[PDB]
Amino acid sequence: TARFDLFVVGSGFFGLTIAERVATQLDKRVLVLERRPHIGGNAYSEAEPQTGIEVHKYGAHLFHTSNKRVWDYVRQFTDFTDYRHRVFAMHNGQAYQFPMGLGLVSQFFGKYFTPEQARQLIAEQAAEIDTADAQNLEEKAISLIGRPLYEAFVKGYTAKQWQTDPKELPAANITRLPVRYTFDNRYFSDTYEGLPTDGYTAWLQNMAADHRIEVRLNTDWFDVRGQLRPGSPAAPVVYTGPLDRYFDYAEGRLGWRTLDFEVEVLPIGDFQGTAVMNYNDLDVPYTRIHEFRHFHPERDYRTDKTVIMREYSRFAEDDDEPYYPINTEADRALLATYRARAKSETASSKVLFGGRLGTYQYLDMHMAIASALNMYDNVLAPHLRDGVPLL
């Protein structure tokens, strides 16, 4: 008679997805342990008192996916709005259409370019590097949008977001942005897209609503694992915290980036007239500004006040929560050591590793949930139900 059938460290999208699936589809008790006073991780949102506008506390989250299984899954806990995310870029005191497209091109070069003419222009400016090569951020970016556009809209932004030389940064970072030769300025290229109709918190609460799931807020796993695991020794553990932290940075500290936010309620109805405005120039400390009233245009808010959030990027310290993995040459090598260690902990202590922090991966919400569904289907579910080893 064990107390719990499963331990889940972290109540983020990965953890809650794991906890929900195991509790619902396998009929087993799951104890979720969250270090923070709230669930949902960075996806936790809150309604600003003066306006009632939902505020993405730890960075603006926009859900999008081309995976129908994920889409059908997340729809069990929330409805999604018709919202389609668009981003504008501030450069030299001018707002630019974004990302790569005819809008961006025509504005920056002072005249209209046909889809054929635009491809021709960029082909010239993407001379010294071809996409088939290009291992880093700088090489891949230039080979996609050309160098003049790279200088104005990538170099400065990347400098503030990473403070790391773009030749050391992964090429997968810049390919998150769609490269188009039309007037399509949708910031994502996924089939399904939208915002949680009743907020992220309500969404996250419905995933951990099952009575077979217990969430212990303000509880650190490393403090209470020596006491909990004996209570249920057969129960595996899903860890979604920082991978390097799990081993107390034994082989070294992985490269992370963290974010600081300035939330402000302005006495005006509209600050920038759009959801997210990227600041690509270096004469400004923050990377971008969010205006959350434009996240939900279907909702009607007061037109005498607005809520904005300036986003700042710096290196993650000891007491900081990690937001972005940097994955440089040294970081991936250090990651390789921890992957071997994690592979050992799985075989010796039934401890799994998943999530943005758990795998040192640049994971979006849908990619995290998909990764969780993968871990469930192929690892946890065969184990808890059919006794199949975790390896």
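Residue numbers here begin at 1 and follow the sequence given.
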* To do: Select between 133-141 and 208-216 the stretch whose C-alpha atoms have the higher average B-factor in the entry.
  => 133-141
* Asked: Looking at the entry, does 268-276 or 124-132 show the higher mean C-alpha B-factor?
  -> 124-132
* To do: Among the candidates 198, 190, 317, 184, give the one with the maximum CA B-factor reported in the record.
  => 317
* Quick one: which of 261, 83, 249, 203 shows the highest Cα temperature factor in the PDB entry? => 249
* **Where the record places residue 27 (Cα B-factor, split into thirds across the chain)** => middle
* With respect to C-alpha B-factor, does residue 311 fall in the lowest, middle or highest third of the chain as deposited? -> lowest
* Going by the entry, which third of its chain does the Cα temperature factor of residue 97 land in? -> lowest
* Asked: Within this chain, which third does the Cα B-factor at residue 10 fall in: lowest, middle or highest?
  -> middle
* Structure fact -> Of the three thirds of Cα B-factor ranks in this chain, residue 166 occupies the highest
